[PDB]
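A short write-up of the structure that comes next.
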Amino acid sequence: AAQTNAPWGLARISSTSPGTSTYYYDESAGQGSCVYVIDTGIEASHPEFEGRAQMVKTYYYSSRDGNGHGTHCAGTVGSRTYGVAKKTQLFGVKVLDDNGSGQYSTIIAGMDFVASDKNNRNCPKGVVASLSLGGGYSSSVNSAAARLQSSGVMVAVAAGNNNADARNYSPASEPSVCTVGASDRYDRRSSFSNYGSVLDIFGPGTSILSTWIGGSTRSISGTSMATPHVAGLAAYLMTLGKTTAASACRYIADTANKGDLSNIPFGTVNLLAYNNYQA
Ligand SMILES: [Ca+2]
């Protein structure tokens, strides 16, 4: 399949080079997979989700996304126009309030929720969780992410937006999950992107167009935007049978575009997520 005039990040994920605008992908499109978006929620009624999105849990007085950032992330995972995996099922877990904040204890509960909740969902091709959030180092937050991963969920987490070593942030610093840095449309490391040995992969994170609340759309930037590209890619690859939750991060790293990014500090991987789709 070919989507013309796709957002640059989608085009990038199916290309060996920057500067193109068509997204190429297998028509399977993540059908039969599921992606949990653990965030401010998802506006499931957005036409872009085509009924494939649902809120499954909130820790607040509503499950509505009153912020937009969860909806944006979900859009990059699986919206019809802005998504990587255009036929995946999207499950929203609202661990962040409408100001985008959340206590670590709530975030941890949300991760444990997903590890159990997948047993109540139909995801024959596999389960992914996208965590576009973080904070200072916490062994408890890292352990929660590790449990989620261990339970059979491909966990993708944002590296963080501090232009610093991700070793000092959680869940970014958890070795067993897939930690995602951000790049821009000219293959530069995004100016805000964290880096370090704990990063596994980079994805498009600067100026990313996706869904927003009120049935709208929006371009924003962050490792939060890079993460759902990788989560969506994982779901897509699992539907194709290329990989599994336990080794998707390794598979993505092994099949990535290599050595193409600029301003990658010595000791950080120079790997950009790539679907290796040959039309
Ligand atoms: Ca890792």
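By order in the structure tokens, chains are A, B, ...; within a chain, residues start at 1; ligands start at 1, following the order shown.
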
Handout entry: Contacts of ligand 1, 12 Å or closer, only C-alpha atoms and all ligand atoms, given as an MDAnalysis selection string
Key = chainID A and resid 142 145:146 149 154:159 166:167 171:181 196:201 246:253 269

Handout entry: Which of range 88-208 of chain A DSSP labels helix (DSSP H, G or I), written as an NGL selection string
Key = :A and (104-120 or 139-150 or 166-168)

Compile the contact shell of residue 113 in chain A as a PDB file with N, CA and C atoms, in the first residue's frame: residues with an atom at most 12 Å away, counting only C-alpha atoms, same-chain residues fewer than 2 positions apart removed.
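Wrote out-v1.pdb, looks like this:
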ATOM      1  N   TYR A  36      -1.891  -0.491  23.557  1.00  0.00           N
ATOM      2  CA  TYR A  36      -2.319   0.318  24.681  1.00  0.00           C
ATOM      3  C   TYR A  36      -1.573   1.644  24.656  1.00  0.00           C
ATOM      4  N   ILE A  38      -0.879   4.619  27.026  1.00  0.00           N
ATOM      5  CA  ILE A  38      -0.942   4.901  28.454  1.00  0.00           C
ATOM      6  C   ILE A  38      -0.552   6.366  28.613  1.00  0.00           C
ATOM      7  N   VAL A  56     -10.266   2.065  28.077  1.00  0.00           N
ATOM      8  CA  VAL A  56     -10.476   0.877  28.901  1.00  0.00           C
ATOM      9  C   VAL A  56     -10.255   1.131  30.399  1.00  0.00           C
ATOM     10  N   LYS A  57      -9.610   2.245  30.742  1.00  0.00           N
ATOM     11  CA  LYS A  57      -9.302   2.518  32.143  1.00  0.00           C
ATOM     12  C   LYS A  57      -8.951   3.978  32.369  1.00  0.00           C
ATOM     13  N   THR A  58      -9.422   4.516  33.491  1.00  0.00           N
ATOM     14  CA  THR A  58      -8.988   5.818  33.954  1.00  0.00           C
ATOM     15  C   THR A  58      -8.830   5.787  35.465  1.00  0.00           C
ATOM     16  N   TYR A  59      -7.990   6.683  35.973  1.00  0.00           N
ATOM     17  CA  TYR A  59      -7.792   6.827  37.417  1.00  0.00           C
ATOM     18  C   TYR A  59      -8.321   8.165  37.911  1.00  0.00           C
ATOM     19  N   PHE A  91      -6.282   0.872  22.714  1.00  0.00           N
ATOM     20  CA  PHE A  91      -6.862   0.867  24.054  1.00  0.00           C
ATOM     21  C   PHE A  91      -6.247   1.981  24.884  1.00  0.00           C
ATOM     22  N   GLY A  92      -7.086   2.900  25.353  1.00  0.00           N
ATOM     23  CA  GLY A  92      -6.609   4.020  26.146  1.00  0.00           C
ATOM     24  C   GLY A  92      -6.639   3.747  27.634  1.00  0.00           C
ATOM     25  N   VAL A  93      -5.526   4.062  28.288  1.00  0.00           N
ATOM     26  CA  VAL A  93      -5.397   3.963  29.739  1.00  0.00           C
ATOM     27  C   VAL A  93      -4.975   5.343  30.238  1.00  0.00           C
ATOM     28  N   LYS A  94      -5.888   6.023  30.929  1.00  0.00           N
ATOM     29  CA  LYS A  94      -5.643   7.397  31.358  1.00  0.00           C
ATOM     30  C   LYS A  94      -4.965   7.432  32.726  1.00  0.00           C
ATOM     31  N   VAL A  95      -3.636   7.490  32.699  1.00  0.00           N
ATOM     32  CA  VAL A  95      -2.838   7.644  33.914  1.00  0.00           C
ATOM     33  C   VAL A  95      -2.409   9.084  34.147  1.00  0.00           C
ATOM     34  N   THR A 106       0.114   6.062  40.283  1.00  0.00           N
ATOM     35  CA  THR A 106      -0.956   5.872  39.305  1.00  0.00           C
ATOM     36  C   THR A 106      -0.412   5.297  37.998  1.00  0.00           C
ATOM     37  N   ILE A 107       0.739   5.803  37.571  1.00  0.00           N
ATOM     38  CA  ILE A 107       1.385   5.296  36.369  1.00  0.00           C
ATOM     39  C   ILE A 107       1.711   3.807  36.519  1.00  0.00           C
ATOM     40  N   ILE A 108       2.246   3.433  37.680  1.00  0.00           N
ATOM     41  CA  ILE A 108       2.568   2.040  37.971  1.00  0.00           C
ATOM     42  C   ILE A 108       1.311   1.173  37.945  1.00  0.00           C
ATOM     43  N   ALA A 109       0.237   1.648  38.570  1.00  0.00           N
ATOM     44  CA  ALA A 109      -1.023   0.910  38.540  1.00  0.00           C
ATOM     45  C   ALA A 109      -1.497   0.703  37.103  1.00  0.00           C
ATOM     46  N   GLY A 110      -1.346   1.724  36.266  1.00  0.00           N
ATOM     47  CA  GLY A 110      -1.744   1.616  34.862  1.00  0.00           C
ATOM     48  C   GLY A 110      -0.969   0.556  34.099  1.00  0.00           C
ATOM     49  N   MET A 111       0.326   0.455  34.377  1.00  0.00           N
ATOM     50  CA  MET A 111       1.160  -0.566  33.741  1.00  0.00           C
ATOM     51  C   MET A 111       0.745  -1.970  34.178  1.00  0.00           C
ATOM     52  N   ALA A 115      -0.897  -5.248  31.913  1.00  0.00           N
ATOM     53  CA  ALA A 115      -0.368  -6.610  31.960  1.00  0.00           C
ATOM     54  C   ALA A 115      -1.474  -7.635  32.218  1.00  0.00           C
ATOM     55  N   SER A 116      -2.459  -7.251  33.017  1.00  0.00           N
ATOM     56  CA  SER A 116      -3.605  -8.119  33.239  1.00  0.00           C
ATOM     57  C   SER A 116      -4.673  -7.975  32.158  1.00  0.00           C
ATOM     58  N   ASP A 117      -4.968  -6.733  31.799  1.00  0.00           N
ATOM     59  CA  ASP A 117      -6.076  -6.437  30.912  1.00  0.00           C
ATOM     60  C   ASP A 117      -5.939  -7.077  29.537  1.00  0.00           C
ATOM     61  N   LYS A 118      -4.715  -7.304  29.082  1.00  0.00           N
ATOM     62  CA  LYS A 118      -4.553  -7.911  27.770  1.00  0.00           C
ATOM     63  C   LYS A 118      -5.238  -9.275  27.718  1.00  0.00           C
ATOM     64  N   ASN A 119      -5.411  -9.906  28.876  1.00  0.00           N
ATOM     65  CA  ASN A 119      -6.085 -11.197  28.936  1.00  0.00           C
ATOM     66  C   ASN A 119      -7.592 -11.093  28.742  1.00  0.00           C
ATOM     67  N   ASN A 120      -8.089  -9.856  28.708  1.00  0.00           N
ATOM     68  CA  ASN A 120      -9.499  -9.566  28.456  1.00  0.00           C
ATOM     69  C   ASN A 120      -9.744  -8.998  27.062  1.00  0.00           C
ATOM     70  N   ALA A 129       2.491  -1.690  24.193  1.00  0.00           N
ATOM     71  CA  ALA A 129       2.136  -0.553  25.026  1.00  0.00           C
ATOM     72  C   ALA A 129       3.055   0.609  24.691  1.00  0.00           C
ATOM     73  N   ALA A 144       7.931  -1.708  37.179  1.00  0.00           N
ATOM     74  CA  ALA A 144       6.603  -1.836  36.587  1.00  0.00           C
ATOM     75  C   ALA A 144       6.697  -2.020  35.074  1.00  0.00           C
ATOM     76  N   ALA A 145       7.549  -1.237  34.425  1.00  0.00           N
ATOM     77  CA  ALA A 145       7.718  -1.351  32.981  1.00  0.00           C
ATOM     78  C   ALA A 145       8.307  -2.722  32.626  1.00  0.00           C
ATOM     79  N   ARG A 147       7.933  -5.489  34.386  1.00  0.00           N
ATOM     80  CA  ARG A 147       6.876  -6.486  34.545  1.00  0.00           C
ATOM     81  C   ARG A 147       5.972  -6.495  33.330  1.00  0.00           C
ATOM     82  N   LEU A 148       5.592  -5.314  32.864  1.00  0.00           N
ATOM     83  CA  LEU A 148       4.703  -5.235  31.718  1.00  0.00           C
ATOM     84  C   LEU A 148       5.333  -5.937  30.522  1.00  0.00           C
ATOM     85  N   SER A 151       5.424  -9.689  30.952  1.00  0.00           N
ATOM     86  CA  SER A 151       4.104 -10.303  30.821  1.00  0.00           C
ATOM     87  C   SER A 151       3.735 -10.627  29.374  1.00  0.00           C
ATOM     88  N   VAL A 153       4.100  -8.034  26.656  1.00  0.00           N
ATOM     89  CA  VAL A 153       3.724  -6.804  25.975  1.00  0.00           C
ATOM     90  C   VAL A 153       4.989  -6.107  25.478  1.00  0.00           C
TER      91      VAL A 153
END

Exercise for the section: Just the residues within 10 Å of range 68-73 of chain A, please, counting only C-alpha atoms, with nothing from its chain fewer than 3 positions along; format it as number ranges by chain. Expected result: A: 37-44, 46, 49, 53, 64-65, 76-79, 82-83, 92-94, 96, 98-100, 130-132, 208-220, 224-229, 231-232

Practice task
Would you work out the distance separating CA of residue 241 in chain A from CA of residue 88 in chain A, expressed in Å to one decimal?
Solution key: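 That distance, rounded to one decimal, is 14.4 Å.
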
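Ranking A:183, A:165, A:233, A:2 by their shortest atom-to-atom distance to residue 267 in chain A, with only C-alpha atoms included, puts A:165 first.
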
Practice task
Could you check how far CA of residue 135 in chain A sits from CA of residue 192 in chain A, in Å to one decimal?
Solution key: 14.9 Å

Fill in the blank from the handout: Expressed in Å, the length from CA of residue 242 in chain A to CA of residue 26 in chain A is 12.2 Å

Problem - DSSP strand (DSSP E) residues within range 175-215 of chain A, as a ChimeraX atom specification - result: /A:178-183,201-204,208-212

Restricted to N, CA, C and O atoms, what would the selected residues look like written as a PDB file, in the first residue's frame?
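The resulting file, selection_31.pdb, is reproduced below:
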ATOM      1  N   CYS A 178      11.792  -0.876  25.334  1.00  0.00           N
ATOM      2  CA  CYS A 178      12.338  -0.206  24.164  1.00  0.00           C
ATOM      3  C   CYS A 178      12.289   1.301  24.354  1.00  0.00           C
ATOM      4  O   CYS A 178      11.214   1.897  24.338  1.00  0.00           O
ATOM      5  N   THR A 179      13.456   1.910  24.551  1.00  0.00           N
ATOM      6  CA  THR A 179      13.551   3.343  24.840  1.00  0.00           C
ATOM      7  C   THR A 179      13.827   4.127  23.560  1.00  0.00           C
ATOM      8  O   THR A 179      14.804   3.860  22.863  1.00  0.00           O
ATOM      9  N   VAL A 180      12.965   5.101  23.280  1.00  0.00           N
ATOM     10  CA  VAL A 180      12.872   5.736  21.969  1.00  0.00           C
ATOM     11  C   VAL A 180      13.280   7.205  21.998  1.00  0.00           C
ATOM     12  O   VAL A 180      12.658   8.014  22.699  1.00  0.00           O
ATOM     13  N   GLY A 181      14.314   7.544  21.235  1.00  0.00           N
ATOM     14  CA  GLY A 181      14.715   8.934  21.057  1.00  0.00           C
ATOM     15  C   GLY A 181      14.017   9.532  19.852  1.00  0.00           C
ATOM     16  O   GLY A 181      13.373   8.811  19.076  1.00  0.00           O
ATOM     17  N   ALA A 182      14.156  10.844  19.678  1.00  0.00           N
ATOM     18  CA  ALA A 182      13.479  11.553  18.596  1.00  0.00           C
ATOM     19  C   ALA A 182      14.443  12.125  17.572  1.00  0.00           C
ATOM     20  O   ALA A 182      15.526  12.613  17.920  1.00  0.00           O
ATOM     21  N   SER A 183      14.015  12.081  16.310  1.00  0.00           N
ATOM     22  CA  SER A 183      14.721  12.722  15.202  1.00  0.00           C
ATOM     23  C   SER A 183      13.825  13.692  14.433  1.00  0.00           C
ATOM     24  O   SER A 183      12.592  13.664  14.550  1.00  0.00           O
ATOM     25  N   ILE A 201      16.542   2.937  20.090  1.00  0.00           N
ATOM     26  CA  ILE A 201      16.097   3.292  18.749  1.00  0.00           C
ATOM     27  C   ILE A 201      15.679   4.754  18.726  1.00  0.00           C
ATOM     28  O   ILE A 201      15.321   5.318  19.760  1.00  0.00           O
ATOM     29  N   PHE A 202      15.717   5.355  17.543  1.00  0.00           N
ATOM     30  CA  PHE A 202      15.139   6.672  17.304  1.00  0.00           C
ATOM     31  C   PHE A 202      13.942   6.562  16.378  1.00  0.00           C
ATOM     32  O   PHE A 202      13.907   5.702  15.495  1.00  0.00           O
ATOM     33  N   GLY A 203      12.976   7.452  16.567  1.00  0.00           N
ATOM     34  CA  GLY A 203      11.862   7.593  15.646  1.00  0.00           C
ATOM     35  C   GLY A 203      11.565   9.067  15.414  1.00  0.00           C
ATOM     36  O   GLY A 203      12.061   9.943  16.141  1.00  0.00           O
ATOM     37  N   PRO A 204      10.748   9.366  14.392  1.00  0.00           N
ATOM     38  CA  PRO A 204      10.372  10.745  14.090  1.00  0.00           C
ATOM     39  C   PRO A 204       9.688  11.425  15.278  1.00  0.00           C
ATOM     40  O   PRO A 204       8.683  10.934  15.788  1.00  0.00           O
ATOM     41  N   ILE A 208       5.399  16.608  14.259  1.00  0.00           N
ATOM     42  CA  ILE A 208       4.606  15.435  13.916  1.00  0.00           C
ATOM     43  C   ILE A 208       3.110  15.749  13.910  1.00  0.00           C
ATOM     44  O   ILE A 208       2.539  16.099  14.949  1.00  0.00           O
ATOM     45  N   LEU A 209       2.498  15.650  12.731  1.00  0.00           N
ATOM     46  CA  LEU A 209       1.067  15.876  12.562  1.00  0.00           C
ATOM     47  C   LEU A 209       0.290  14.634  12.980  1.00  0.00           C
ATOM     48  O   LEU A 209       0.611  13.519  12.560  1.00  0.00           O
ATOM     49  N   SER A 210      -0.726  14.825  13.811  1.00  0.00           N
ATOM     50  CA  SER A 210      -1.583  13.726  14.220  1.00  0.00           C
ATOM     51  C   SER A 210      -2.899  14.281  14.740  1.00  0.00           C
ATOM     52  O   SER A 210      -3.151  15.491  14.682  1.00  0.00           O
ATOM     53  N   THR A 211      -3.746  13.375  15.208  1.00  0.00           N
ATOM     54  CA  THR A 211      -5.046  13.708  15.743  1.00  0.00           C
ATOM     55  C   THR A 211      -4.956  14.539  17.014  1.00  0.00           C
ATOM     56  O   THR A 211      -3.973  14.483  17.758  1.00  0.00           O
ATOM     57  N   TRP A 212      -6.016  15.298  17.265  1.00  0.00           N
ATOM     58  CA  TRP A 212      -6.133  16.075  18.486  1.00  0.00           C
ATOM     59  C   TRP A 212      -7.582  16.058  18.940  1.00  0.00           C
ATOM     60  O   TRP A 212      -8.480  15.659  18.188  1.00  0.00           O
TER      61      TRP A 212
END
